[PDB]
Structure formats: structure tokens, C-alpha cells
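Structure record follows, encoded as C-alpha cells.
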Amino acid sequence: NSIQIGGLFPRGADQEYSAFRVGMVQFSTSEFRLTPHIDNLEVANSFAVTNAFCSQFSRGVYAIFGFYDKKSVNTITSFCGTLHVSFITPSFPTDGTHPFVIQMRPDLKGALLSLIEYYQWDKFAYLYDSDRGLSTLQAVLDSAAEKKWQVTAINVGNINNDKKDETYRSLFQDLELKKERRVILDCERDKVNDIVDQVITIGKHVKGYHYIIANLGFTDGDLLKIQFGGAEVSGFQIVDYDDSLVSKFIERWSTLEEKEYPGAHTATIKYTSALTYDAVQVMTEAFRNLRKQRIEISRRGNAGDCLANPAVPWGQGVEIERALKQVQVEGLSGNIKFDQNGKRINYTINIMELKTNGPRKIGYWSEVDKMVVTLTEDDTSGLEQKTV
Amino acid sequence: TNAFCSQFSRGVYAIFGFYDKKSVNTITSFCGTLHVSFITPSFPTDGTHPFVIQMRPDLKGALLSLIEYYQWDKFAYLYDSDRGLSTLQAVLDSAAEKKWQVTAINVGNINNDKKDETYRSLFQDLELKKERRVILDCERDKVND
Amino acid sequence: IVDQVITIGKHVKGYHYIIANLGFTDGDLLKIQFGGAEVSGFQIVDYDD
Ligand SMILES: *[C@@H]1O[C@H](CO)[C@@H](O)[C@H](O)[C@H]1NC(C)=O
């Protein structure tokens with residue numbers, strides 16, 4: 001029982017592929033076995049993505065797991081929506097209803113707007129990356145008219161390789177011109193790391209500044225460097241390490257050799273890798289349920305060419321999509337459930353704060369509640385003088 | 001992608017056509033890879049894209065200069081995503097540099113279904129307070145709507 | 001020490017540091033360079049010779 005599936009990874013994805021293998025081994029069963037075909041390629045090049053996809057389709061896979069960028073997303077959604085091949089991804093959710101695409105990554109918009117509303121910011125600067133996507137920008141801009149906000153949006157995404165460190169000094173000093181202490185980041189962990197590092201270099205991490213790191217991994221990058229700064233830093237965490245399942249995972253994860261499973265020896269794991277693992281679980285449950293529901297999905301013939309005119313799609317793909325979207329499980333990212341579009345529904349995003357003794361969980365965010373406050377409310381005698 | 005891979009098989013020397021925000025990356029990537037020259041009247045790409053000739057002239061500079069000419073320090077900006085978000089970044093950075101109060105609203109790309117329902121209250125909320133200056137960035141038909 | 005100073009963020013323009021050692025430019029000076037704080041030290045090897 002070999003089930004051929006496709007996988008598409010960037011040339012710069014190590015821990016993700018490692019976690020993929022971890023999912024392959026941990027969730028492998030005796031009933032059936034998945035047989036992954038792996039292709040490392042440049043994600044930004046649509047031609048390369050298309051080439052690899054037509055190759056995978058020539059192999060005749062049942063489902064494809066992979067990543068995409070703002071350049072290659074339309075190719076993926078259009079091709080999968082065309083040929084009826086199921087696609088699973090950790091990458092950013094598309095804006096719209098895109099069929100045959102399962103976005104494992106949950107939406108952060110609600111939690112962010114709820115957070116800004118929580119801290120009552122009426123004026124701030126918002127740094128955005130064009131290399132990822134401009135959706136959240138539109139979100140907070142449209143929200144600015146309703147909530148009466150003064151938002152100064154700056155693109156950090158257009159920066160050269162050699163001159164990229166000037167634009168940061170100019171940015172922060174122009175913010176000295178605007179005298180605005182509240183900032184939001186939302187970028188790649190590496191780009192974020194560079195930003196934080198330059199914040200430390202210019203030394204704007206002193207008390208009085210307030211930063212919001214918008215990403216799902218709060219603890220994935222090194223944020224220890226800004227910890228003793230004195231500036232308040234809030235972010236979101238999708239992987240709660242205080243869970244039994246997560247701990248039993250980290251136990252095995254930490255016991256892996258870094259030579260065989262790159263960047264897996266760490267006790268902390270990037271949320272993307274976690275999403276990959278959970279994706280493996282989900283696919284496994286989906287095909288297991290297909291065999292359990294007595295639905296014959298095996299293709300008797302070859303799918304052949306993806307460029308055949310007119311395009312002839314296979315039928316079992318619909319059944320696979322239905323199987324995938326109807327999966328409800330428990331992974332590293334918490335409760336996993338999908339809607340008819342494939343987006344994540346009913347998820348819990350921990351709201352985290354960075355203090356002196358490290359990160360602490362203040363909130364828990366949901367789609368329906370839109371807000372939840374954990375007890376918190378610590379009181380100290382320090383800097384509180386009982387009246388005389 | 002299919003039509004491009006075709007006709008190229010016929011061995012054409014140059015390809016003339018149009019593109020949208022969804023298919024633009026396909027055209028530019030494929031033409032930049034296979035070295036097939038592509039001509040378009042549609043919106044210019046944001047960046048340096050080789051083997052692509054954008055016949056359409058840039059409109060950002062003229063817009064910012066016109067806005068500066070009418071001396072508007074506060075205005076509303078309605079935009080569609082189908083032509084690109086470059087002009088948006090332009091007016092945002094120009095708002096940061098020239099100290100403008102710009103209220104930009106996207107009606108484009110159907111980015112939110114919510115708004116469609118009870119959008120009138122929004123437009124009227126901006127209609128009661130200020131909003132003396134408005135700029136339309138859309139398709140001729142969308143403009144008409 | 002310098003690293004702990006930048007981490008706690010006392011390298012702002014109000015503070016003044018003196019490196020008394022023979023190598024001033026031998027250590028990593030990029031990190032406190034952009035701080036805005038004045039840092040003066042001693043150098044025994046003149047590269048202008
Ligand atoms: C999420 O759906 C679950 C099933 O895990 C249920 O326990 C709970 O109702 C949920 N939260 C909401 C807001 O429906």
C-alpha cells in the first residue's frame with residue numbers, strides 16, 4: 001500500500017523537511033505507507049514551480065505538500081483549481097475562495113486588531129514586508145477608518161543587500177522625526193532578527209518604546225537580545241509548549257542528531273516545521289478515512305500531461321479534497337479543523353508578552369470570543385508605596 | 001501558462017498580450033526564463049523585469065505632483081488591487097514625507113466580503129466628517145460604478 | 001561588558017565610556033559605534049605609518 005504524494009520545498013528549508021520526516025516516521029502505519037517524492041527548488045520562480053508541478057503530476061501523485069510565495073501563489077491555486085489536485089501549505093492564506101488548497105496556517109488579522117484595540121493605540125507606525133504579502137496592511141488601513149487611527153505605513157520590503165542597513169537608521173531616525181514609540185513589524189524571522197538587532201544597535205529598545213512582533217512564532221527567533229532592554233514587546237504564539245502532546249514531541253525532537261535531521265536538536269521548534277508535522281498527520285488521517293469510508297481512490301491509468309488541451313482532470317481529487325477538509329485532529333498547533341475553502345477554523349492563538357524573566361502567556365485568542373484574558377493581575381510592593 | 005507554452009512551440013519571435021495580478025508572475029518568469037520577448041499595454045511591474053516591454057507609462061509621479069499642486073494635506077484614496085499596490089506605497093511614503101492625512105480604502109480585489117454588507121454606513125461616516133478630497137483608482141467600469 | 005551594556009541599553013548619547021587598553025581599534029567597535037554615546041580609548045599601533 002504505497003501512496004505516492006508530492007512535496008515541494010525551498011532550497012533553504014531544513015527544519016521543515018526534518019519535521020516532515022519526523023511526521024513520516026511517527027505517524028507511519030502498517031495499513032498503508034506514503035511514498036514522498038521530494039523536489040527542492042526556488043520558490044520565487046513561477047517557472048520552476050510550474051515545472052516541478054508538471055513533473056509531480058507526471059508522476060501521478062494523489063496530493064501535494066509544499067510552500068509558495070506571493071509570486072508563485074496564483075500559479076499554485078490556479079493549477080490546483082484547474083487539475084483538481086489537492087495542495088497543502090504552511091504558507092500565508094490566500095485572499096479569496098481558492099479550491100483544492102488547504103492552508104494550514106491560521107489567520108492573524110483578528111488577533112492583531114484585537115491586540116491593538118486592547119492596548120488602545122490611536123497612533124503608530126506599521127512596517128510591512130512586500131516580499132511576503134500586503135493583506136494585513138489593507139486590513140489595518142480599512143480598520144483605521146473605523147477605529148480612528150493614525151497609521152504611518154512603511155515598506156521595509158524594498159531593500160538592497162549591501163545597503164540594507166542604512167535604510168534602518170534612516171527609518172528609525174525618521175521615526176525620531178515623527179516621535180512615534182509604538183511600532184509593528186510582521187516579517188520573516190530572519191528579517192525580524194535583523195530589525196531587532198538594528199533596534200539594539202540604534203538603542204531604541206530602552207523603556208518607553210512598544211513593539212508588536214506579528215508572526216506566529218514568537219519564540220522561534222532569538223528575542224532574548226531585546227529582553228533586558230526595558231521596552232515592551234508583545235507577540236503571538238501558536239505552539240503551546242505547556243501541552244502534554246507538545247512536550248512528548250519535544251522530548252523526541254531534542255533527542256535527534258543534528259547531522260541527520262538538520263536543526264532538529266533544538267528544544268524550541270519553528271512553527272512552520274510544526275505545521276508541516278501536523279500537515280503530515282492530517283494527510284494521514286484523510287487517506288485513512290478514505291480507506292475507512294470504503295471509497296476507491298486509486299487511479300487505474302496515468303494522469304499524463306498537465307498541458308493537454310483541453311485539460312482533463314481526474315475525479316478522485318474531489319474525494320481527496322472532501323477528505324482533507326473534513327479532518328478534525330489535535331496537533332502541535334492545537335485544534336485542527338477546516339472550512340469548505342480550506343482555511344483554518346476555531347483555533348487558539350496564545351497572546352504572549354516579553355518581560356525580564358522571559359516570555360509569559362497573557363491572553364488566548366479565538367475566532368468567536370475574539371478576546372480572552374487569563375487571570376494574570378500580579379501585584380507587587382515594589383514601586384508601590386502604601387500611603388502614610 | 002498553457003497558451004504561452006503553446007504558440008512558443010509554434011516558434012514565434014515575440015509575444016504581445018495582457019496580464020493581471022494573478023498571471024503577471026507567470027508571464028514575466030516564463031519570458032525571463034526562455035528569453036522570449038513580451039509586450040503589454042497593461043500595468044508596469046514593480047521592479048526590474050527583463051524581456052518585458054511595458055508600453056504603459058508610469059502614473060505615480062504625475063499623481064503625486066498633481067496632489068501637491070492642488071495643495072491637499074488631507075484626502076481620501078480609493079484603490080483597486082488589480083493594477084497593483086505600488087501607487088499605494090507611493091502615496092503612503094509621500095504622506096510620511098510631506099505630512100499628509102491620507103485615508104486609503106480598498107474596494108479592490110474583494111479582500112473582504114464583510115464590507116460589501118453595510119458598506120454605506122462607512123462611506124457615510126466618512127461623508128459626514130471631512131472627506132472633501134477624493135481620488136478614484138479603478139477600472140473605467142468600476143469608476144463608473 | 002560592552003555587550004551587556006548594549007543589551008541593557010545604556011549606550012545612548014548621554015553616556016561616556018573610556019577604554020584604557022593599548023588596543024582601541026582591536027576590539028569590535030561597530031556595536032557601540034551607532035549608539036550615540038561617546039567612547040574614547042587608547043591605541044599603541046599607528047596604521048598611518
Ligand atoms: C471549537 O470547536 C470545538 C471542537 O474542538 C468546541 O469544543 C468549541 O465549541 C469550539 N469553540 C467555539 C468558539 O465554537
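Just so we're on the same page: first chain in the C-alpha cells is A, next is B, and so on; residues restart at 1 for each chain, and ligands are numbered from 1 in the order they show up.
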
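Residues of chain C having any atom within 8 Å of chain A, counting only C-alpha atoms, are residues 6, 7, 8, 9, 11, 12, 31, 32, 34, 35 and 36 of chain C.
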
- [ ] Write out as a ChimeraX atom specification every residue belonging to chain B that has an atom at most 6 Å from any atom of chain A, counting only C-alpha atoms.
- [x] /B:2,22,25-26,29-30,105,111

Let me see if you get this right: every residue at most 7 Å from ligand 1, counting only C-alpha atoms and all ligand atoms, written as a PDB file with N, CA and C atoms, in the first residue's frame.
ATOM      1  N   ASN A 335      -5.994  22.678  18.088  1.00  0.00           N
ATOM      2  CA  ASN A 335      -7.147  22.066  17.436  1.00  0.00           C
ATOM      3  C   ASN A 335      -7.167  22.356  15.935  1.00  0.00           C
ATOM      4  N   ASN A 346     -11.665  27.749  14.091  1.00  0.00           N
ATOM      5  CA  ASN A 346     -11.714  27.508  15.536  1.00  0.00           C
ATOM      6  C   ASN A 346     -10.344  27.112  16.111  1.00  0.00           C
ATOM      7  N   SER A 366      -9.406  33.681  20.223  1.00  0.00           N
ATOM      8  CA  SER A 366     -10.250  32.785  19.452  1.00  0.00           C
ATOM      9  C   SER A 366     -10.985  33.559  18.372  1.00  0.00           C
ATOM     10  N   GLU A 367     -11.556  32.830  17.422  1.00  0.00           N
ATOM     11  CA  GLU A 367     -12.325  33.437  16.348  1.00  0.00           C
ATOM     12  C   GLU A 367     -13.651  33.997  16.842  1.00  0.00           C
ATOM     13  N   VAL A 368     -14.340  33.203  17.652  1.00  0.00           N
ATOM     14  CA  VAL A 368     -15.641  33.582  18.183  1.00  0.00           C
ATOM     15  C   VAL A 368     -15.575  34.552  19.364  1.00  0.00           C
ATOM     16  N   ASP A 369     -14.737  34.269  20.359  1.00  0.00           N
ATOM     17  CA  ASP A 369     -14.659  35.156  21.519  1.00  0.00           C
ATOM     18  C   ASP A 369     -14.007  36.466  21.114  1.00  0.00           C
TER      19      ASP A 369
END

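Taking CA of residue 361 in chain A and CA of residue 374 in chain A as endpoints, the distance between them is 8.0 Å.
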
Open item on the list: For a test of reading the model, state the distance in Å between CA of residue 386 in chain A and CA of residue 356 in chain A, rounded to one decimal.
Closed with: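 CA of residue 356 in chain A lies 24.6 Å from CA of residue 386 in chain A.
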
TODO: Write out as a PyMOL selection string each polymer residue whose atoms come within 10 Å of residue 322 in chain A, counting only C-alpha atoms; drop sequence neighbours fewer than 4 positions from it.
DONE: chain A and resi 86+100+286+290+316-318+326-327+340+342

Selection above as a file: N, CA and C atoms, as a PDB file, in the first residue's frame:
ATOM      1  N   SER A  86      -5.109  18.160  -4.867  1.00  0.00           N
ATOM      2  CA  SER A  86      -5.105  18.759  -3.537  1.00  0.00           C
ATOM      3  C   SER A  86      -3.725  19.279  -3.140  1.00  0.00           C
ATOM      4  N   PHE A 100      -9.205  23.383  -3.723  1.00  0.00           N
ATOM      5  CA  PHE A 100      -8.119  22.407  -3.761  1.00  0.00           C
ATOM      6  C   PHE A 100      -6.826  22.909  -3.137  1.00  0.00           C
ATOM      7  N   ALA A 286      -6.634  11.749   6.559  1.00  0.00           N
ATOM      8  CA  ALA A 286      -7.504  11.875   5.398  1.00  0.00           C
ATOM      9  C   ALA A 286      -7.528  10.604   4.555  1.00  0.00           C
ATOM     10  N   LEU A 290     -10.368   7.773   4.004  1.00  0.00           N
ATOM     11  CA  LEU A 290     -10.813   7.357   2.678  1.00  0.00           C
ATOM     12  C   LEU A 290     -10.888   5.845   2.591  1.00  0.00           C
ATOM     13  N   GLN A 316     -11.038  11.522  -8.520  1.00  0.00           N
ATOM     14  CA  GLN A 316     -10.757  11.178  -7.128  1.00  0.00           C
ATOM     15  C   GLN A 316     -10.210  12.351  -6.320  1.00  0.00           C
ATOM     16  N   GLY A 317      -9.728  13.367  -7.026  1.00  0.00           N
ATOM     17  CA  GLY A 317      -9.202  14.553  -6.382  1.00  0.00           C
ATOM     18  C   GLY A 317     -10.246  15.250  -5.536  1.00  0.00           C
ATOM     19  N   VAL A 318     -11.478  15.286  -6.033  1.00  0.00           N
ATOM     20  CA  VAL A 318     -12.575  15.881  -5.283  1.00  0.00           C
ATOM     21  C   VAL A 318     -12.780  15.140  -3.967  1.00  0.00           C
ATOM     22  N   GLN A 326     -12.541  17.684   5.813  1.00  0.00           N
ATOM     23  CA  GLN A 326     -13.386  17.106   6.857  1.00  0.00           C
ATOM     24  C   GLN A 326     -12.597  16.472   8.000  1.00  0.00           C
ATOM     25  N   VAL A 327     -11.311  16.791   8.084  1.00  0.00           N
ATOM     26  CA  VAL A 327     -10.466  16.251   9.141  1.00  0.00           C
ATOM     27  C   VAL A 327     -10.467  17.149  10.365  1.00  0.00           C
ATOM     28  N   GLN A 340     -15.028  24.948   4.167  1.00  0.00           N
ATOM     29  CA  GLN A 340     -15.207  24.496   2.792  1.00  0.00           C
ATOM     30  C   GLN A 340     -14.172  25.105   1.853  1.00  0.00           C
ATOM     31  N   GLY A 342     -10.962  25.620   2.940  1.00  0.00           N
ATOM     32  CA  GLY A 342      -9.691  25.009   3.289  1.00  0.00           C
ATOM     33  C   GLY A 342      -8.938  25.768   4.364  1.00  0.00           C
TER      34      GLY A 342
END

Task: Pairwise distance for CA of residue 10 in chain A and CA of residue 67 in chain A, rounded to one decimal in Å - done: 7.4 Å

TODO: Write out as a ChimeraX atom specification all residues of range 10-232 of chain A that backbone DSSP assigns to alpha helix (DSSP H).
DONE: /A:15-26,46-59,73-83,109-119,135-147,166-178,189-202

- [ ] For residue 76 in chain B, please output as a count of residues only all residues within 7 Å (counting only C-alpha atoms; exclusion window: fewer than 5 positions along the same chain).
- [x] 7

Task: DSSP-assigned strand (DSSP E or B) members of range 138-232 of chain A, reported as a PyMOL selection string - done: chain A and resi 150-155+182-184+210-213+232

Selection export as a compact mmCIF listing (two decimals), in the first residue's frame, atoms kept: N, CA and C atoms:
# COMPACT_ATOMS: atom_id res chain seq x y z
N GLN A 150 -4.15 56.84 13.57
CA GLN A 150 -3.14 57.49 12.74
C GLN A 150 -2.04 56.47 12.47
N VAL A 151 -2.08 55.88 11.28
CA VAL A 151 -1.13 54.83 10.90
C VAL A 151 -0.15 55.29 9.84
N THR A 152 1.14 55.18 10.13
CA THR A 152 2.14 55.51 9.12
C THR A 152 2.75 54.22 8.60
N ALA A 153 2.36 53.83 7.39
CA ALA A 153 2.82 52.57 6.81
C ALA A 153 4.12 52.75 6.04
N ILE A 154 5.11 51.93 6.39
CA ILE A 154 6.41 51.98 5.74
C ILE A 154 6.82 50.61 5.18
N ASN A 155 7.29 50.61 3.94
CA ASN A 155 7.72 49.37 3.32
C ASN A 155 9.17 49.09 3.64
N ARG A 182 5.51 53.56 19.28
CA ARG A 182 4.81 52.29 19.03
C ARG A 182 5.02 51.79 17.59
N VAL A 183 5.61 50.59 17.46
CA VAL A 183 5.87 50.01 16.13
C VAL A 183 5.40 48.55 15.99
N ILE A 184 4.98 48.18 14.78
CA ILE A 184 4.62 46.80 14.44
C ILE A 184 5.51 46.28 13.30
N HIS A 210 7.32 50.62 22.41
CA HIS A 210 6.43 49.47 22.46
C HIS A 210 6.37 48.80 21.09
N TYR A 211 6.76 47.53 21.05
CA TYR A 211 6.86 46.77 19.82
C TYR A 211 5.87 45.61 19.77
N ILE A 212 5.29 45.39 18.60
CA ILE A 212 4.44 44.23 18.39
C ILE A 212 5.03 43.38 17.27
N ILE A 213 5.47 42.17 17.60
CA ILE A 213 6.03 41.27 16.60
C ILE A 213 4.91 40.43 16.02
N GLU A 232 8.59 47.36 25.99
CA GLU A 232 7.57 46.32 26.00
C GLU A 232 7.45 45.69 24.62

Report as a PDB file with N, CA and C atoms, in the first residue's frame all protein, DNA and RNA residues lying within 12 Å of residue 177 in chain A, evaluated on only C-alpha atoms, omitting residues in the same chain fewer than 6 positions from it.
ATOM      1  N   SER A 170      17.880  55.318   8.873  1.00  0.00           N
ATOM      2  CA  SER A 170      17.029  56.368   8.323  1.00  0.00           C
ATOM      3  C   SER A 170      15.578  56.186   8.757  1.00  0.00           C
ATOM      4  N   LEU A 171      15.115  54.939   8.805  1.00  0.00           N
ATOM      5  CA  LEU A 171      13.746  54.659   9.227  1.00  0.00           C
ATOM      6  C   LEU A 171      13.540  55.092  10.673  1.00  0.00           C
TER       7      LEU A 171
ATOM      8  N   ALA B  96       4.082  60.178   4.628  1.00  0.00           N
ATOM      9  CA  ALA B  96       5.049  60.201   5.716  1.00  0.00           C
ATOM     10  C   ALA B  96       6.079  61.313   5.527  1.00  0.00           C
ATOM     11  N   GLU B  97       6.411  61.609   4.275  1.00  0.00           N
ATOM     12  CA  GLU B  97       7.438  62.605   3.984  1.00  0.00           C
ATOM     13  C   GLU B  97       6.892  64.029   3.983  1.00  0.00           C
ATOM     14  N   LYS B  99       3.904  64.896   5.355  1.00  0.00           N
ATOM     15  CA  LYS B  99       2.933  65.030   6.442  1.00  0.00           C
ATOM     16  C   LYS B  99       1.499  65.186   5.932  1.00  0.00           C
TER      17      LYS B  99
END

Task: Near-residue 50 in chain B list (9 Å; only C-alpha atoms; drop same-chain fewer than 4 positions) as a count of residues only - done: 5
